[PDB]
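Asker: Sending over a structure as structure tokens; questions will come in a sec.
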Amino acid sequence: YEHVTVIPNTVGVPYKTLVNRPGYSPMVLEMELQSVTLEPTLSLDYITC
Amino acid sequence: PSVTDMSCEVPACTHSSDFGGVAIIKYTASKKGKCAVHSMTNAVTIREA
């Protein structure tokens, strides 16, 4: 079974979602974000002293 | 044996090529014994005898 959701970009706040499938009991999941990191690509030009 | 008061409830149904339904029936009986079940429609078939 495939399920899709969207979560805002905030650290330290839990969120909940509902899974509903005919013929079965419902299910609830809880999700929380801990860290997000960005990293660029670099190239060297010259140095000074 | 004889049975006098009954009700019907259907918690699930799915019209697949297999047996995709379940039903629950309440009853009151005068004594212990055996009984037969049978449907009165042509579009619905029952497994139990």
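Here's how to read the names in the structure tokens: chain A, B, ... by the order shown, residue numbers from 1 in each chain, ligand numbers from 1 in the order shown.
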Give as a ChimeraX atom specification every residue of chain A that touches chain B within 9 Å, counting only C-alpha atoms.
Answerer: /A:22-24
Asker: Report as a PyMOL selection string all protein, DNA and RNA residues lying within 9 Å of region 35-39 of chain B, evaluated on only C-alpha atoms, omitting residues in the same chain fewer than 2 positions from it.
Answerer: chain B and resi 1+33+41-42+44-46+48-49
Asker: Quick one: pull the distance between CA of residue 30 (chain B) and CA of residue 6 (chain B), Å, one decimal.
Answerer: 13.6 Å
Asker: Tell me which of A:4, A:11, A:49, A:19 sits closest to residue 35 (chain A), counting only C-alpha atoms.
Answerer: A:11
